[PDB]
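Student: My questions all concern the structure below.
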Amino acid sequence: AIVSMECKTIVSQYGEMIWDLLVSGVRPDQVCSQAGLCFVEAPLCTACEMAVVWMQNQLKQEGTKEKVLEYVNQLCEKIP
């Protein structure tokens with residue numbers, strides 16, 4: 001009852017905000033460093049970071065956001 005409600009509150013009241021933050025919190029340079037392509041100047045570093053910026057932009061898309069929130073919400077409903 002309680003945790004499920006709290007999960008649903010997160011999605012309904014905070015879900016877009018949280019997703020926005022998840023998306024905006026991604027750091028192309030950090031992600032590209034973990035991929036071994038940037039350092040904490042090579043051409044693949046720059047291309048990787050461009051690719052991550054574009055990944056983040058895909059994640060902002062309405063369809064993607066709505067799919068993610070709906071996925072989470074369906075899981076909230078599975079909390080006993």
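Note that we place each Cβ from the backbone using ideal geometry, even for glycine, and neighbour counts take in every protein chain shown. Throughout, read-outs are computed from the coordinates displayed, never taken from laboratory work.
Student: Contact list please: Cβ distance under 6 Å, first residue in region 54-80 and surrounded by 11 or more Cβ atoms within 10 Å (Cβ to Cβ), second residue part of a helix (DSSP H, G or I) and among the small types (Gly, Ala, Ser), pairs at least six apart or on different chains.
Tutor: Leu69/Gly15; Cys76/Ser4; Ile79/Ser4
Student: Then there is this: Count, please, the residues in region 1-17 that happen to be surrounded by 15 or more Cβ atoms within 10 Å (Cβ to Cβ) and aliphatic (A, V, I, L, M). If you could, list the steps in order and put the result at the bottom.
Tutor: If we filter region 1-17 for residues that are surrounded by 15 or more Cβ atoms within 10 Å (Cβ to Cβ), which is where we start, we get 7-8, 10-11, 15.
Narrowing the set further to residues that are aliphatic (A, V, I, L, M) leaves 10-11.
Here the count works out to 2.
Student: Next up: Taking region 18-41 as the search range and keeping residues that are within 14 Å of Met55 (Cβ to Cβ) and among the small types (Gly, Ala, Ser), which one is surrounded by the most Cβ atoms within 10 Å (Cβ to Cβ)?
Tutor: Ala35
Student: Within region 29-41, can one find any residue that is closer than 30 Å to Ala1 by Cα and in contact with a helix residue (DSSP H, G or I) (Cβ under 7 Å, 6 or more places away or on another chain)? Don't jump to the end; show me each part of the working.
Tutor: Within region 29-41, the subset closer than 30 Å to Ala1 by Cα is none.
Looking through region 29-41, none of the residues is closer than 30 Å to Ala1 by Cα and in contact with a helix residue (DSSP H, G or I) (Cβ under 7 Å, 6 or more places away or on another chain).
Student: Between residues in region 21-42 that are on the phi < 0 side of the Ramachandran plot and residues that are assigned to a loop (DSSP other than H, G, I, E, B), which pairs lie under 7 Å by C-beta distance while being six or more apart or on different chains?
Tutor: As it stands, the answer is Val23/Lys60; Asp29/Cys38; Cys32/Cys38; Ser33/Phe39; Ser33/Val40, since those pairs meet every condition given.
Student: Sort out for me the helices (runs of 4 or more DSSP H) sitting completely within the chain that have 2 or more residues that are aliphatic (A, V, I, L, M). Spell out how you get there, then give the answer.
Tutor: Working: elements: 2-9, 15-25, 28-34, 43-59, 62-76.
Those helices (runs of 4 or more DSSP H) span 2-9, 15-25, 43-59, 62-76.
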